[PDB]
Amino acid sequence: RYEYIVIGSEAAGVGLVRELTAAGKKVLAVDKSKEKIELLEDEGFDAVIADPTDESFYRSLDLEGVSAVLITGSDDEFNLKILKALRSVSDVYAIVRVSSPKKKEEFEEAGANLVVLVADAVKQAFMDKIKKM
């Protein structure tokens, strides 16, 4: 019974796995990389090796109590495949990272509840620092 599922164990993904844990949430990290998943497990995180385009993987999880699935990888085409696999199984709330602004609409059409556009995230980070000065 996880509260958050983090797909993609690259820098953004592993950052979220830390921060949510510190807020006292139950998180499962998901990635195809043996090495990245095994290090997370070494650090005491809950992590599993899985292909996140595999619908049977989603069917093996209890998703009805999940708050959000976070699709955090940096490959748009892969993330769209992940989102479509997920959506073929469940309506679970999903927040998806998108690098290309032109692609936002297709992610929304494919069932992303929220899109995090990298350029928007970067802009806001700059703005927050500028406001601070």
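Each residue number is its position in the shown sequence, starting from 1.
Look at the mean CA B-factor for 108-116 and for 10-18 in the entry; the higher one is 108-116. Just going by the entry, 87-95 versus 50-58 on mean CA temperature factor gives the higher value to 87-95. Placement of the Cα temperature factor of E43 within the chain: lowest third of the modelled residues, per the deposited record.
The deposited CA B-factor of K36 belongs to the middle third of values across its chain. Residue-level temperature factors show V27 in the lowest third of its chain, judged at the C-alpha atom. When the modelled residues of the chain are ordered by their C-alpha B factor, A68 lands in the highest third.
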